[PDB]
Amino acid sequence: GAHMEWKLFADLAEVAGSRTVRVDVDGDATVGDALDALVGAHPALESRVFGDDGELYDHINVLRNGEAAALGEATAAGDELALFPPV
């Protein structure tokens, strides 16, 4: 599908064991779908990203190509996605 890459920081990078993670998602995959692909690649991330209700924790900052992105936004091949824990 569409290949793209996540950058992870601080404890998220530590849990994943890498500062970068490649993912490959569907053509109409959202940012949220790309985030679920990241967590599928490194399931230990799950409880550092989502609460028991499945919702993103408050204050996590998801970027797509350097701009804040909501989980329903589109993705595209070559995207640079970033996941920062709360400031």
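From 1 onward, residues are counted along the sequence shown.
Which of the two stretches, 53-61 or 34-42, shows the higher mean Cα temperature factor in the record? That would be 53-61.
Quick one: classify residue 10 as lowest, middle or highest third of the chain based on its Cα B-factor. Middle third of the chain for residue 10's C-alpha B-factor.
For residue 81, does the deposited CA B-factor place it in the lowest, middle or highest third of the chain? It falls in the bottom third of the chain.
Position of residue 69 among the chain's modelled residues by C-alpha B-factor, lowest, middle or highest third: Ranked within chain, residue 69 CA B lands in the highest tercile.
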